[PDB]
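J.: quick one: initial chain(s) of a complex, as found there:
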Amino acid sequence: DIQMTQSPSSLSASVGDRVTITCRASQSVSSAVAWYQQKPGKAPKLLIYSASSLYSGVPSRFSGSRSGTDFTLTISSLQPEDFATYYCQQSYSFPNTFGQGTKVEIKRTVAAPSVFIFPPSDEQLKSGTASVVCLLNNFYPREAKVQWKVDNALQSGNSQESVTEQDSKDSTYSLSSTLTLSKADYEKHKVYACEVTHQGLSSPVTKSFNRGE
Amino acid sequence: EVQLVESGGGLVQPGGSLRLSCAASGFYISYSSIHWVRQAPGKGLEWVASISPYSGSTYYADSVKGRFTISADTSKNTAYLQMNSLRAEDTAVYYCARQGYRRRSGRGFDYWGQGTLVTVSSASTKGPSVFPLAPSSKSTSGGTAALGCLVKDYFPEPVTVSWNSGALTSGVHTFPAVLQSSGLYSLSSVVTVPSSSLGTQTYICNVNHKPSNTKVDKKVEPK
């Protein structure tokens, strides 16, 4: 098999920046190389074919070039709609092969999260489990520390996080952290708190509630 | 004009079998090469197989050779992927793609279907429990309130979540599902609204899990 070694695996660039994505084929592929754009949740779209030819309808800020077995995709000036994962693909021989992809996200200024905490519903508690949810809304960058404290004790190994894809208009992210405990474990404590550290915050932000109260 | 529509995906056991179809509209497949390409959740594109015009010659990725067969029926304008001896690593969205016309776009794949989800797992189907995430503030607080629904313990993906039957979309975040230690998925869907709308406006989350034939509407009220 011909390997397509694509780099970098991800990048965060500002609108107006020049973006360069590289793909090296492990042996000759002549010029039989195509580039695709895939937005989250969507099907891929063809951008460039035969290494350097612009596919009809594609904006001219996209171009491709070949130097030997090195293939480059350039966006001359990144536009807001250009966030996507980009893939190179060789069609020189079977089996055809794709590069691993380069995820392009939009860089923006730092934004601190708005934090919310949710106690478990009474309906869930009756089933014997308590989920406590912490929401970090509309922040940048993605990196954040969420720490759960139950009656001031740091928790570990009982929570999971999920993060949304970057918002198309505000380039921010949101995150949920869910702490799961048994009904008996939940009922042995009073104060439930979520402490958030993020570089948009001068110091950590805690949201809490007191059980029953 | 040009359309490709995949179908046939679903949930099957390891060792099982499935046949996907790709129905072409707006062009005749007999004059084109047709490819299958798959994508595991959150992973990259992986070329699977292809079939050539006129000859009918077929080609396969090493990872599926001997287990999968690509075919086409030009009289039905449809291509097929028979998948046998399936394993968990085959779980993916399966795309059908047209290789375009040589003089127009080289060997680029110029049209892609929307894909069909194939899940290979030993876990049984199970519909979600839906619990309210009660509004974070009082109706009289003057600011913004967050509220939502926790959609817990379901298998397989996907669920769909809407708010007020699709009338509420602004400010909605429905989070990617995460697998719990039990092997079941869970997610939350949240929305921010003006605190002053609490009471006046009713908030209902509509959850649909087609794989288990489960539909749940949950009202979310102030505690």
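T.: Nice, I can see it. Numbers count the residues shown, from 1 in each chain, chains lettered A, B, ... in the order given.
J.: Confirm for me that residue A:50 is in contact with residue A:35.
T.: No. If you go by CB atoms under 8 Å, residue A:50 and residue A:35 don't touch, sitting 10.6 Å apart. All C-beta atoms are positioned from the backbone trio N, CA, C, and that covers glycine.
J.: higher neighbour count, these two?
T.: A direct count of neighbours by other CB atoms under 10 Å in any protein chain shown for residue A:50 and residue A:35 places residue A:35 higher, at 27 against 19.
J.: ok, the more buried one - contacts?
T.: The contact partners of residue A:35, taken as CB atoms under 8 Å, 6 or more residues apart in numbering or on different chains, are A:46, A:47, A:48, A:62, A:64, A:73, A:86, A:87, A:88, A:89.
J.: Name whatever forms a beta bridge with it.
T.: Going by DSSP bridges, residue A:35 is paired in beta bridges with residue A:48, residue A:88.
J.: could you measure it against residue A:99, distance?
T.: Going from residue A:35 to residue A:99 by CB to CB, to the nearest Å gives 9 Å.
J.: Could you name every residue contacting both of the two?
T.: Counting by CB under 8 Å, 6+ apart, the residues touching both residue A:35 and residue A:99 are A:87, A:88, A:89.
J.: what residues are up against the residue nearest in space to the middle of chain B?
T.: The residue lying closest to the centre of chain B (CA atoms, centre = their mean) is residue B:117, at 5.3 Å. When contacts are counted by CB under 8 Å, 6+ apart, residue B:117 is found next to B:9, B:10, B:92, B:93, B:94, B:157, B:158.
J.: quick one: what helix or strand has residue B:47 in it?
T.: Using DSSP states H and E, residue B:47 sits in strand B:45-51.
J.: neighbouring strands for that strand, and are they parallel or not?
T.: Using DSSP bridges, strand B:45-51 pairs in its sheet with strand B:34-39 (antiparallel), strand B:58-60 (antiparallel).
J.: so can I have TSV of these showing mean neighbour count and distance to residue A:183?
T.: Listed next are these as TSV, based on neighbours: other CB atoms under 10 Å in any protein chain shown; distance: least, CB to CB, whole Å:
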stretch	mean neighbour count	distance to residue A:183
strand B:34-39	24	40
strand B:58-60	17	52
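J.: Can you lay out the ones you listed as a markdown table showing distance to residue B:153?
T.: Output for the strands paired with strand B:45-51, formatted as a markdown table (distance: least, CB to CB, whole Å):
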| stretch | distance to residue B:153 |
| --- | --- |
| strand B:34-39 | 26 |
| strand B:58-60 | 38 |
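J.: and residue B:197, which of those is closest to it?
T.: The minimum distance between residue B:197 and the strands paired with strand B:45-51 falls on strand B:34-39, with 39.6 Å, by CB to CB.
J.: and that closest one, how far out from the chain's middle?
T.: Mean-position distance between strand B:34-39 and its chain equals 15 Å (CA atoms, centre = their mean, to the nearest Å).
J.: before we move on, what about stretch A:94-101?
T.: With CA atoms, centre = their mean, you get 23 Å for stretch A:94-101.
J.: now stretch B:30-38
T.: Chain-centre distance of stretch B:30-38: 21 Å, with CA atoms, centre = their mean.
J.: so how far does that stretch reach from one end to the other?
T.: One end of stretch B:30-38 to the other measures 23 Å (CA to CA, to the nearest Å).
J.: can you list contacts of that stretch?
T.: For stretch B:30-38, contacts defined as CB under 8 Å, 6+ apart pick out A:96, A:98, B:20, B:22, B:24, B:45-54, B:70, B:72, B:74, B:79, B:81, B:90, B:92-101, B:109, B:112, B:118.
J.: please slot RNA strand C in as well:
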RNA sequence: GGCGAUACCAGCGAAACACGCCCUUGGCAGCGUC
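T.: If we add RNA strand C to the chains shown above, we get the following:
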């Protein structure tokens, strides 16, 4: 630079292979040799 024997890329047909047409010319690149 010269010469020699080569090795691969390529035009068209809805077309990577197979099938049909066209072609005996172009093009990189190494080797051998002076």
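J.: returning to that earlier point: contact partners of the strand holding residue B:47?
T.: Here strand B:45-51 makes contact (CB under 8 Å, 6+ apart) with A:36, A:38, A:44, A:87, A:89, A:94-98, A:101, B:33-40, B:57-61, B:63-64, B:68, B:70-72, B:79, B:81, B:92, B:94-95, B:99.
J.: Next, the buried residues of that strand.
T.: B:45, B:46, B:47, B:48, B:49, B:50, B:51 (16 or more other CB atoms under 10 Å in any protein chain shown).
J.: can you tell me if it touches RNA strand C.
T.: Yes. Residues of strand B:45-51 are located near RNA strand C by CB under 7 Å from any atom of the strand, namely residue B:50.
J.: Could the C-alpha coordinates of that strand be exported in CSV?
T.: Listed next in CSV are the C-alpha coordinates belonging to strand B:45-51 (Å, rounded to 0.1, in the frame of the first residue of the first chain):
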residue,chain,number,x,y,z
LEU,B,45,-11.8,8.6,5.8
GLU,B,46,-10.8,5.1,4.8
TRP,B,47,-11.1,3.8,1.3
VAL,B,48,-12.9,0.4,1.2
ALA,B,49,-13.5,-0.8,-2.4
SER,B,50,-14.3,0.3,-6.0
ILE,B,51,-15.7,-1.0,-9.2
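J.: quick one on the thing from earlier: if I look at the residue nearest to the centre of chain B, how far off is residue A:168?
T.: Distance of residue B:117 to residue A:168, computed by CB to CB: 24 Å.
J.: ok, the helix or strand hosting residue A:6: who's next to it in the sheet?
T.: Per DSSP H and E, residue A:6 falls inside strand A:4-7. Taking DSSP bridges as the criterion, strand A:4-7 sits next to strand A:19-25 (antiparallel) in its sheet.
J.: Contact partners for residue 78?
T.: Picking chain A for this. By CB under 8 Å, 6+ apart, the contact list for residue A:78 reads A:13, A:14, A:15, A:16, A:17, A:18, A:19, A:104, A:106.
J.: hmm, I had chain B in mind actually
T.: B:21, B:22, B:23, B:24, B:29, B:72.
J.: where does chain A come near RNA strand C, residue by residue?
T.: Residues of chain A lying close to RNA strand C by CB under 7 Å from any atom of the strand are A:30, A:32, A:91, A:92, A:93, A:94, A:96.
J.: burial of the third one, as a residue count?
T.: For residue A:91, the count of nearby residues is 24 (other CB under 10 Å).
J.: Tell me if I'm right that it and residue A:32 touch.
T.: Yes. The pair residue A:91 / residue A:32 is scored as a contact, 4.4 Å apart, by CB under 8 Å.
J.: any shared contact partners between the two?
T.: Counting by CB under 8 Å, 6+ apart, the contacts common to residue A:91 and residue A:32 are B:106, B:107.
J.: got the contact list for the spatially most central residue of chain A?
T.: Nearest to the geometric centre of chain A sits residue A:165, at 5.2 Å (CA atoms, centre = their mean). Applying CB under 8 Å, 6+ apart, we find residue A:165 in contact with A:40, A:173.
J.: mind redoing it with 10 Å?
T.: Contact partners of residue A:165, counting by CB atoms under 10 Å, 6 or more residues apart in numbering or on different chains, are A:39, A:40, A:41, A:83, A:105, A:173, A:174, B:176.
J.: now do residue A:112
T.: By CB under 10 Å, 6+ apart, the contact set of residue A:112 is A:136, A:138, A:139, A:140, A:144, A:196, A:198, A:199, A:200, A:201, A:202, A:205.
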